[PDB]
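Working notes, beginning with the structure itself.
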Amino acid sequence: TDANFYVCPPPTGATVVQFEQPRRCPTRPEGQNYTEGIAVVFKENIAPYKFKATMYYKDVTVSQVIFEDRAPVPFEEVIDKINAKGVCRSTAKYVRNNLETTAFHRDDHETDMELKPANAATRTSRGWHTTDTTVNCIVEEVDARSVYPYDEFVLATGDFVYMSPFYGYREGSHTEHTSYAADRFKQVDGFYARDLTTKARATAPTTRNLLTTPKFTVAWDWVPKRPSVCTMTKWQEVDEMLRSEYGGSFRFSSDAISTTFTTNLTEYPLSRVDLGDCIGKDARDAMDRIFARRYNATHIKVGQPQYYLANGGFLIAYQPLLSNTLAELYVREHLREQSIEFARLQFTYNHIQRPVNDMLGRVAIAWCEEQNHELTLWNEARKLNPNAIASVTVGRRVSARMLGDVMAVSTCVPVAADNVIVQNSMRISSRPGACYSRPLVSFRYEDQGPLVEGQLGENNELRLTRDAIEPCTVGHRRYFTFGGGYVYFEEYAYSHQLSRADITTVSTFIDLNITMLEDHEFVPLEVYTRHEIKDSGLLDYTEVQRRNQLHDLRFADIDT
Amino acid sequence: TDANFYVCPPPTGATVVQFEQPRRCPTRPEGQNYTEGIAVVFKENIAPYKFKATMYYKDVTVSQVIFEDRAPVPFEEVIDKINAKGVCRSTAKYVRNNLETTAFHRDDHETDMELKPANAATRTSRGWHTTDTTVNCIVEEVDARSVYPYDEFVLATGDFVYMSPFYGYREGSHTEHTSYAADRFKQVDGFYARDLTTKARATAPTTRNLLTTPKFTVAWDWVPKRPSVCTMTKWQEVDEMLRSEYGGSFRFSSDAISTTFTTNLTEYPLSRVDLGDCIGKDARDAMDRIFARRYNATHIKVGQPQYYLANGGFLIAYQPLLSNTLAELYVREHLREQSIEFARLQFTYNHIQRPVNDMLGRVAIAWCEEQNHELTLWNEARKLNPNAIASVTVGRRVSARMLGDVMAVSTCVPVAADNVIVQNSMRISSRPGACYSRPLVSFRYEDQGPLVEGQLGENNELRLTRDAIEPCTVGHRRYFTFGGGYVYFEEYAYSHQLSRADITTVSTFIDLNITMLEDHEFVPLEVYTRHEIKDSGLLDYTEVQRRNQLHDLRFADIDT
Amino acid sequence: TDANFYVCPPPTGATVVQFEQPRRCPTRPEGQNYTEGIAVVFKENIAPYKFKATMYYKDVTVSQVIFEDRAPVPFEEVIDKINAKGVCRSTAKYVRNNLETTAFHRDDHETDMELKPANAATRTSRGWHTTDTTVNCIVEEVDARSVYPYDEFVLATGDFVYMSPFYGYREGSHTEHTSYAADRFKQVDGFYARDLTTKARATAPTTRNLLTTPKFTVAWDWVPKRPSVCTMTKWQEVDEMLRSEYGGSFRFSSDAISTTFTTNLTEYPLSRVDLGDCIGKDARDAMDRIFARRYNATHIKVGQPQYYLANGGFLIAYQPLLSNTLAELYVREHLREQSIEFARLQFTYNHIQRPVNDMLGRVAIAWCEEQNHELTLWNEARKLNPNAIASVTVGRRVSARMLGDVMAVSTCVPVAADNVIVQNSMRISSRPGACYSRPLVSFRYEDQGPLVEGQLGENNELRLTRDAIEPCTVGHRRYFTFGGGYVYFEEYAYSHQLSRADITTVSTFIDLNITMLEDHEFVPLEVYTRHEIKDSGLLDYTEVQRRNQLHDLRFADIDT
Ligand SMILES: *[C@@H]1O[C@H](CO)[C@@H](O[C@@H]2O[C@H](CO)[C@@H](O[C@@H]3O[C@H](CO)[C@@H](O)[C@H](O)[C@@H]3O)[C@H](O)[C@H]2NC(C)=O)[C@H](O)[C@H]1NC(C)=O
Ligand SMILES: *[C@@H]1O[C@H](CO)[C@@H](O[C@@H]2O[C@H](CO)[C@@H](O[C@@H]3O[C@H](CO)[C@@H](O)[C@H](O)[C@@H]3O)[C@H](O)[C@H]2NC(C)=O)[C@H](O)[C@H]1NC(C)=O
Ligand SMILES: *[C@@H]1O[C@H](CO)[C@@H](O[C@@H]2O[C@H](CO)[C@@H](O[C@@H]3O[C@H](CO)[C@@H](O)[C@H](O)[C@@H]3O)[C@H](O)[C@H]2NC(C)=O)[C@H](O)[C@H]1NC(C)=O
Ligand SMILES: *[C@@H]1O[C@H](CO)[C@@H](O[C@@H]2O[C@H](CO)[C@@H](O)[C@H](O)[C@H]2NC(C)=O)[C@H](O)[C@H]1NC(C)=O
Ligand SMILES: *[C@@H]1O[C@H](CO)[C@@H](O[C@@H]2O[C@H](CO)[C@@H](O)[C@H](O)[C@H]2NC(C)=O)[C@H](O)[C@H]1NC(C)=O
Ligand SMILES: *[C@@H]1O[C@H](CO)[C@@H](O[C@@H]2O[C@H](CO)[C@@H](O)[C@H](O)[C@H]2NC(C)=O)[C@H](O)[C@H]1NC(C)=O
Ligand SMILES: *[C@@H]1O[C@H](CO)[C@@H](O)[C@H](O)[C@H]1NC(C)=O
Ligand SMILES: *[C@@H]1O[C@H](CO)[C@@H](O)[C@H](O)[C@H]1NC(C)=O
Ligand SMILES: *[C@@H]1O[C@H](CO)[C@@H](O)[C@H](O)[C@H]1NC(C)=O
Ligand SMILES: *[C@@H]1O[C@H](CO)[C@@H](O)[C@H](O)[C@H]1NC(C)=O
Ligand SMILES: *[C@@H]1O[C@H](CO)[C@@H](O)[C@H](O)[C@H]1NC(C)=O
Ligand SMILES: *[C@@H]1O[C@H](CO)[C@@H](O)[C@H](O)[C@H]1NC(C)=O
């Protein structure tokens with residue numbers, strides 16, 4: 001059996017994800033009123049609303065040998081030519097020198113041209129384009145996403161739209177906010193959509209909205225109004241959380257959070273809002289689940305739960321707990337003063353609270369110390385190879401690229417191994433002494449689909465563009481992941497495909513039973529005569545850090 | 001005292017070692033019939049057979065100012081000239097334009113030439129070479145390795161040999177398979193070997209085999225037949241393993257394995273083969289050892305052990321166990337129905353099995369989550385610096401290079417610190433403003449041995465070739481590991497050698513007691529006038545990621 | 001709220017810090033006489049003595065279009081012109097061709113020139129310089145540090161000084177050692193210092209020392225003699241340490257140390273020195289603190305503490321302990337022979353000591369195995385980004401650079417976010433198609449202070465020099481850390497500043513609730529016509545490892 005491949009596309013920044021940074025742990029435990037317990041953090045309900053928003057634009061170019069730009073298609077053309085006729089107007093209007101200018105298709109006259117589907121055959125959208133002055137009409141049914149405010153939504157392209165998806169005049173929808181002018185937006189009642197490939201017309205009426213941006217036009221199905229939802233939502237059911245009071249503000253820490261929260265020491269009156277039932281039941285049910293898992297036989301509940309707001313918009317519901325052994329000290333001191341009511345009794349005995357404040361302090365410091373050890377290492381790994389870190393962070397293969405100091409994310413298309421073919425000879429004849437460093441592959445997004453060219457990337461990753469090249473040396477021996485097994489390549493030529501069991505595997509951290517032997521460097525004689533380069537595998541950190549050094553000397557010689 | 005140095009050679013791919021990749025953990029525990037226990041995984045006995053196979057070949061070159069290649073030496077020359085005379089024939093035959101062609105030694109006539117030992121003085125072999133058209137006869141007693149099938153063996157060079165080492169006609173050895181023609185192989189009965197350095201002849205008869213490959217000739221001692229061995233062997237004595245039944249197949253997971261196994265839910269009848277005693281006793285003894293270590297006072301054995309096959313060829317022997325506290329629930333329910341026979345009683349009570357299925361599920365998910373955290377980080381570290389990861393993975397200093405998506409391995413030669421000398425002036429006078437970035441060293445593989453030139457690498461690593469150079473700046477201050485201590489170098493000049501105790505050490509993860517002060521940049525005045533570059537130490541990830549950016553701009557200027 | 005920025009300067013090597021390297025763990029536990037306990041390691045008291053040592057030097061340069069060098073200012077000039085007049089002599093003496101040579105200021109005659117403060121406005125010192133042949137007199141009140149020997153001290157610049165700070169003839173100070181000649185050093189009794197900015201003279205007498213080095217002159221306040229101190233000091237209060245006897249030497253290992261110690265098996269007679277009380281009380285108090293924390297209810301003290309010396313100069317105080325359950329076996333065997341005196345009774349029963357020797361062996365091996373896992377990873381992270389590792393290792397933001405195989409350290413200046421301004425347009429008009437890859441910033445070291453130019457670095461780091469540039473592409477979208485939040489930049493133009501809560505955060509290790517969608521690559525049409533480059537974010541390890549490959553091919557074409 002072979003695993004499914006993945007063709008990760010470059011993210012455009014539609015989804016942005018910052019990654020936690022190391023905090024500042026206390027060198028010595030100085031907190032007060034330490035106490036353990038079960039906590040359930042909640043993240044603000046962003047209310048992600050998704051809809052396939054269709055984008056329309058015209059690309060104008062000149063074959064003179066200039067001044068190419070993207071202009072938006074008008075509303076009448078979309079509803080008359082593209083919609084009622086499935087064609088795009090050959091002529092287009094673009095701004096130049098602060099004056100409207102007209103363009104044509106290959107220096108021709110106005111003629112109806114149909115919209116053909118995209119050749120990429122990707123799942124993003126059909127991406128209808130007419131041509132694979134020179135005007136080109138392109139239509140794409142890309143995806144879009146909105147947030148809880150609903151005043152602005154972002155398209156798959158990443159360009160923020162300053163118009164609410166529910167804006168319109170058909171009904172009393174979100175007509176309270178709009179950045180673009182009235183003429184820049186138009187709503188059609190009783191509109192009918194259709195597929196440009198079949199042109200079978202919509203089965204039922206579907207009102208369509210239209211917005212003309214400075215660079216493109218967008219349209220989508222106009223829904224009257226999405227119903228309300230909880231304003232608060234669960235984020236993580238922490239198994240154990242320690243509360244620390246210091247500087248007039250609590251300090252919450254946990255092992256499976258890697259982030260510390262700060263409150264105002266006052267319980268937030270969650271009951272003042274009607275959402276208390278939606279979150280109260282959800283939060284209360286979580287306490288019993290975690291408490292009944294392992295704390296029912298070793299801890300006692302300290303009063304009722306408590307809710308506190310945290311910096312950044314996080315809502316935390318706490319449930320203080322104390323070990324059974326610690327209860328013996330509290331009850332013993334309680335009986336002394338009298339000569340089980342743990343509520344309002346915690347922190348009463350300073351001497352009993354003195355050791356626990358220090359004992360739990362090391363635990364909090366230990367978690368902070370180890371958490372920073374992983375955070376400082378995880379961040380570097382993300383920068384080194386965000387794709388690998390992205391996949392292990394979202395439970396599935398996902399693309400990602402570093403947009404400076406913020407992480408980007410985009411979905412990867414899975415394709416079965418039966419729809420991919422690897423080129424036998426990876427060597428390229430267009431340039432001797434230089435060829436692709438990885439095997440070339442051909443594949444189809446689906447069974448019987450069109451064939452496309454590409455390159456095989458690391459970890460069964462497929463790259464649309466073939467650019468991984470290097471100065472191909474002699475005596476090259478390498479292996480590349482291909483489905484459930486590897487593919488053996490020697491001297492830049494397909495030798496044979498070997499399964500996963502044909503290569504020794506060091507699963508455990510330490511494995512001294514390897515049958516390794518003393519290797520003898522069999523340097524080919526051609527390198528000693530033709531003064532060429534010999535294979536060295538992928539560059540080591542010291543090697544890559546050394547290869548650039550040689551380059552630095554090359555520019556000095558050229559400059560001198 | 002000083003530690004021993006290491007001169008790691010570049011691996012040729014003789015030994016290949018894939019490294020585990022992150023698995024896919026379940027977001028929620030959906031397994032059924034959870035149970036802990038002691039497990040002992042077994043790896044298929046590869047039966048590594050090693051033998052010093054002698055390689056013979058002739059390198060032909062032309063001094064015209066072409067068409068150089070490696071040809072194999074015939075059998076008569078090896079047994080008559082090299083063996084019975086310790087010399088190599090000056091003339092050689094090589095193929096050119098699909099026609100046999102003859103060559104000579106420095107445009108001379110046929111003359112007997114002796115074989116002199118190699119100047120490298122490495123432990124791989126003597127590597128006898130005659131010369132340090134132009135033909136050159138070279139003989140090397142390199143090492144070789146075979147696998148359980150024994151039909152094909154691999155030499156230290158890495159070139160696979162499609163001839164079984166036991167092939168021959170002297171006796172009923174492995175004569176059932178052979179890829180090369182009969183004329184390409186020859187066996188000599190009662191053959192006598194000898195050392196080309198002493199030429200004292202073998203002490204006893206030693207039948208020698210001979211194979212002529214398209215690029216070289218190989219010979220080795222012909223052993224009649226290695227005796228049989230166990231077909232199964234131990235790989236790891238897991239302290240704790242959790243079995244999970246899901247989708248009609250078990251799922252084995254452990255903390256010290258980092259890999260999940262899949263079975264068919266049926267116990268493999270290991271007793272059907274005679275090897276059951278060899279593995280049964282070995283496996284049974286391991287259960288008592290681990291059980292008697294920590295599980296004898298907190299767990300009870302659930303029936304007899306069970307053996308199951310796993311994907312990839314791994315054999316796993318399980319021993320289900322249950323905590324003593326959990327036994328109280330089973331016995332309590334057992335007595336209820338009656339109104340210690342844990343065997344065939346597990347999973348009978350669904351309500352009792354409901355919480356354990358979820359409790360143990362988090363443990364399995366926790367191990368999978370943390371295992372992926374290390375796997376995704378370990379893989380990047382291996383790619384960054386495979387030498388460091390290779391040494392910590394095989395318990396000893398070992399070389400390694402990335403052969404694409406598979407790890408290579410080769411042995412490193414240890415040399416005492418008393419046989420190495422460091423050059424005082426690392427600066428090179430052949431080119432101003434550019435010199436070696438690391439100190440140069442001279443050493444001998446053994447006491448009183450020949451002296452060779454080399455460069456000092458990271459972590460007491462010795463490199464045969466001196467290539468680590470960079471644009472030597474001004475005001476350079478650096479330290480390099482040298483034996484048990486460091487060597488101080490300032491302005492590219494040996495200052496003095498300081499022990500390990502002369503430099504502050506931050507052993508603990510966090511150390512705030514450092515006596516660090518505010519450093520003042522003492523930029524030399526020469527840089528402000530001679531517009532040269534100033535020292536900056538080894539490049540940071542952002543610096544190296546920034547240095548290439550400057551290079552990218554340099555090519556644009558050159559191209560423009 | 002916004003966090004404080006940090007401008008880390010390049011360390012000059014004044015403080016050097018080696019970092020622990022992976023040890024060699026035993027494949028199988030072979031130690032003898034295993035035992036747990038509380039340990040407190042001690043590091044030799046280095047006795048760091050700090051003093052603001054003022055450096056004086058004259059920079060001579062020639063405007064011919066040579067032979068520029070740094071010379072030391074004489075003693076009379078410092079005490080007469082700089083001290084009694086706050087000016088520097090225009091003329092200076094420098095060596096050339098082994099002959100004294102005179103220089104002038106801009107080819108002028110001798111004239112008094114005052115010393116103006118530095119324009120950097122750094123906390124290192126005022127750095128008075130006269131000019132912002134051509135001679136320039138510069139005075140800097142840099143910091144200095146000394147070690148326990150006190151014979152040599154190091155300045156902030158990093159140049160070691162071979163003269164004791166207490167050297168002199170005014171009293172019986174450290175006059176027993178001096179490397180420089182008598183004429184090279186001079187001490188002034190009853191000297192008076194002053195501030196060159198105010199010139200208000202010292203309030204009280206302050207004897208000043210003066211030393212003339214081959215490249216500069218240094219002066220500082222001469223203290224008679226620092227009082228004595230403890231010769232030993234605490235380093236870490238280990239919670240648990242395991243002692244292993246093997247090869248006639250003990251082997252100490254702990255989880256929070258990551259380093260193994262070796263002794264001579266004999267208790268060091270600490271009582272022979274008067275420091276036993278200073279360290280005995282300090283060490284004894286630590287045992288009770290750790291013992292009373294968690295070992296008072298589960299372990300029993302085995303005799304009195306024991307002190308042993310360790311390789312490298314570390315003093316370790318041990319306190320053997322044994323679990324309560326293990327005591328039942330010792331007392332049981334003790335009563336058998338008789339037919340609580342644990343002291344001198346440990347290791348008496350070989351059979352009872354056989355399992356513990358193996359059980360504790362795995363713990364020691366487990367710690368060594370996991371410790372090497374972090375050490376081998378921590379070292380690579382330090383090399384990758386020493387600044388991040390430096391900050392998390394010293395509890396505060398600190399600079400660091402790799403000086404070969406030794407880590408450098410220097411303090412970073414914190415500045416409030418209210419004293420920094422970010423440039424709106426990061427693009428540079430001096431060169432199209434190439435600009436700064438990070439936003440440019442302007443700031444002042446303090447409120448109302450002078451404004452300086454700089455660049456914004458990663459993790460709120462400020463760089464004095466603006467050099468982070470790259471071939472600016474089209475359709476660039478990136479985020480940069482700015483105070484408590486991020487700054488959004490699109491197409492190399494300041495768009496707006498968004499808080500930390502405006503970007504999704506993946507705090508937990510695995511977060512599958514992201515609202516990620518399928519991104520559609522919106523490639524600008526200008527790239528398809530103007531054949532320019534498209535944005536790709538920060539380079540991935542495979543990308544950077546691939547970018548250099550393209551460069552390698554560029555030099556081949558140029559060379560060919
Ligand atoms: C802890 O309590 C303090 C004090 O109440 C909280 O700060 C306060 O936050 C409120 C909003 O929650 C601020 O009110 C608003 O402030 C500005 C004008 O100052 C404006 O947006 C509105 O007109 C309104 O008045 C209030 O100013 C602010 N007070 C102070 C002194 O900063 C704080 O947020 C609480 N912390 C947590 C974690 O809940
Ligand atoms: C779990 O059980 C299944 C079903 O028995 C195993 O798959 C079976 O594996 C056997 C060999 O072990 C296959 O037999 C051979 O298959 C091909 C022809 O199909 C050929 O090599 C031989 O002539 C022989 O018949 C059998 O086809 C295959 N069955 C299926 C349905 O795939 C499977 O390996 C077991 N898994 C484990 C982990 O033990
Ligand atoms: C364990 O014990 C051995 C043996 O006593 C220690 O080695 C010895 O260390 C002393 C100094 O502590 C050495 O004495 C000095 O040696 C040289 C001349 O050899 C010179 O500096 C002085 O004149 C003085 O004699 C002694 O030679 C040395 N002995 C041996 C055999 O090496 C060792 O240091 C102890 N280990 C620990 C960890 O305490
Ligand atoms: C720890 O908790 C105790 C118990 O609530 C706090 O002690 C009370 O503090 C309030 C003022 O905050 C006083 O009016 C009460 O008399 C105190 N005692 C009791 C029994 O309530 C204590 O202040 C808390 N610690 C800190 C640092 O605030
Ligand atoms: C978990 O184990 C139990 C006990 O073996 C399984 O329950 C039996 O299932 C078989 C069929 O596989 C039935 O014939 C038996 O009657 C069941 N009960 C007993 C007491 O044997 C159960 O199927 C297992 N779980 C899964 C998911 O297969
Ligand atoms: C482990 O400790 C025991 C107890 O001290 C050592 O046994 C003693 O060894 C000395 C010599 O070193 C003998 O004179 C004693 O007779 C032994 N027994 C006792 C009760 O003291 C033992 O040698 C230690 N292990 C090792 C490897 O040295
Ligand atoms: C908690 O433990 C008590 C005491 O054994 C038991 O009666 C109760 O049912 C347990 N609760 C849960 C939810 O398991
Ligand atoms: C191979 O494994 C066995 C146990 O199966 C072990 O005893 C032996 O030492 C290992 N071989 C090497 C070379 O370490
Ligand atoms: C296991 O524990 C029992 C009960 O204490 C004891 O009798 C037995 O000897 C132990 N077995 C081993 C192998 O330690
Ligand atoms: C140095 O260590 C001591 C304990 O030995 C500690 O109290 C002190 O704070 C440390 N110094 C600094 C500057 O942190
Ligand atoms: C240690 O435990 C004993 C027994 O409970 C107790 O009497 C003693 O006070 C404890 N000592 C400390 C320092 O906590
Ligand atoms: C989002 O979180 C909820 C729990 O709050 C979980 O049930 C759901 O599966 C998550 N969504 C996805 C797409 O995984």
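By order of appearance in the structure tokens: chains A, B, ..., then residues from 1 within every chain, and ligands from 1 in the order shown.
Residues of protein or nucleic acid lying within 7 Å of ligand 6, counting only C-alpha atoms and all ligand atoms, are residues 32, 33, 245, 246, 344, 345, 346, 347 and 348 of chain C.
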Skip residue 84 in chain B itself and residues of its chain fewer than 2 positions away, then list as a VMD selection string all residues within 9 Å of it, counting only C-alpha atoms.
chain B and resid 78 to 82 86 to 87 192 to 194 201
Selection file, N, CA and C atoms, as an mmCIF file, in the first residue's frame:
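After the write, result_32.cif holds the following:
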```
data_model
loop_
_atom_site.group_PDB
_atom_site.id
_atom_site.type_symbol
_atom_site.label_atom_id
_atom_site.label_comp_id
_atom_site.auth_asym_id
_atom_site.auth_seq_id
_atom_site.Cartn_x
_atom_site.Cartn_y
_atom_site.Cartn_z
ATOM 1 N N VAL B 78 45.835 -11.177 -12.103
ATOM 2 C CA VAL B 78 45.761 -11.143 -10.646
ATOM 3 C C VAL B 78 46.445 -12.362 -10.036
ATOM 4 N N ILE B 79 46.216 -13.546 -10.605
ATOM 5 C CA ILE B 79 46.807 -14.759 -10.047
ATOM 6 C C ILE B 79 48.263 -14.948 -10.467
ATOM 7 N N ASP B 80 48.690 -14.347 -11.579
ATOM 8 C CA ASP B 80 50.058 -14.498 -12.068
ATOM 9 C C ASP B 80 50.966 -13.324 -11.723
ATOM 10 N N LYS B 81 50.542 -12.095 -12.016
ATOM 11 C CA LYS B 81 51.390 -10.938 -11.743
ATOM 12 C C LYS B 81 51.226 -10.420 -10.316
ATOM 13 N N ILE B 82 49.999 -10.076 -9.929
ATOM 14 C CA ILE B 82 49.772 -9.523 -8.596
ATOM 15 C C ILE B 82 49.972 -10.574 -7.511
ATOM 16 N N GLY B 86 53.459 -10.135 -7.240
ATOM 17 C CA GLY B 86 53.332 -8.866 -6.548
ATOM 18 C C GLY B 86 53.543 -7.660 -7.434
ATOM 19 N N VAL B 87 53.172 -7.758 -8.712
ATOM 20 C CA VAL B 87 53.327 -6.673 -9.672
ATOM 21 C C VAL B 87 52.065 -6.586 -10.520
ATOM 22 N N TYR B 192 46.642 -19.527 -2.926
ATOM 23 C CA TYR B 192 47.450 -18.982 -1.845
ATOM 24 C C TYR B 192 47.527 -17.471 -1.988
ATOM 25 N N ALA B 193 47.178 -16.761 -0.919
ATOM 26 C CA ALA B 193 47.211 -15.310 -0.889
ATOM 27 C C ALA B 193 48.541 -14.852 -0.298
ATOM 28 N N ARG B 194 48.749 -13.541 -0.277
ATOM 29 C CA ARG B 194 49.981 -12.981 0.263
ATOM 30 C C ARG B 194 49.798 -11.480 0.438
ATOM 31 N N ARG B 201 53.826 -14.887 1.286
ATOM 32 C CA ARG B 201 52.923 -15.981 0.929
ATOM 33 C C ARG B 201 52.033 -16.382 2.101
#
```
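Neighbouring residues of ligand 2 at a cut-off of 9 Å, counting only C-alpha atoms and all ligand atoms, are residues 249, 262, 263, 264, 265, 266, 268, 308, 309, 310, 311, 312 and 313 of chain B.
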As a PyMOL selection string, could you give me every residue of chain C near chain A (at most 7 Å apart, counting only C-alpha atoms)?
chain C and resi 381+388+477-481+501+503-512+515-522+525-526+537-538+540-541+546+549-550+552-553
Run DSSP on the backbone and tell me which residues of range 250-421 of chain C come out as strand (DSSP E or B); list them as a PyMOL selection string.
chain C and resi 250-254+261-262+299-301+306-309+315-323+398-399+402+404+407-411+413-415+420-421
Within 9 Å of ligand 11, counting only C-alpha atoms and all ligand atoms: which residues, as number ranges by chain?
C: 288-289, 291-298
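Comparing B:494, B:367, B:250, B:528 by their smallest distance to ligand 5, the closest is B:250 (using only C-alpha atoms and all ligand atoms).
Shell of residue 212 in chain B at 9 Å, with only C-alpha atoms counted and residues fewer than 2 places along the chain excluded, is residues 72, 73, 74, 75, 180, 183, 184, 185, 186, 210, 214, 215, 216, 217, 218 and 219 of chain B.
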Neighbours of residue 114 in chain C within 12 Å (only C-alpha atoms; same-chain residues fewer than 3 positions away dropped), as a PyMOL selection string?
chain C and resi 81-90+111+117+128-131+136-139+196-199
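Counting only C-alpha atoms and all ligand atoms, the residue from A:465, A:35, A:353, A:233 that sits nearest to ligand 12 is A:233.
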Selection: 9 Å around residue 361 in chain C, only C-alpha atoms, excl. self and same-chain fewer than 5 positions, as an MDAnalysis selection string
chainID C and resid 28:31 34 244 356 366
Distance atom 13 (C, counted along the ligand's line) of ligand 3-CA of residue 247 in chain C, one decimal place?
19.6 Å
At a cut-off of 6 Å, using only C-alpha atoms, what residues contact residue 36 in chain B? Leave out same-chain residues fewer than 5 positions from it and give the result as number ranges by chain.
B: 241-242, 320-321
Would you mind exporting C-alpha atoms of the selected residues as an mmCIF file, in the first residue's frame?
```cif
data_model
loop_
_atom_site.group_PDB
_atom_site.id
_atom_site.type_symbol
_atom_site.label_atom_id
_atom_site.label_comp_id
_atom_site.auth_asym_id
_atom_site.auth_seq_id
_atom_site.Cartn_x
_atom_site.Cartn_y
_atom_site.Cartn_z
ATOM 1 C CA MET B 241 3.017 -0.881 25.549
ATOM 2 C CA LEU B 242 -0.672 -0.103 25.025
ATOM 3 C CA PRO B 320 -1.531 -7.907 28.735
ATOM 4 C CA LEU B 321 -1.500 -6.397 32.223
#
```
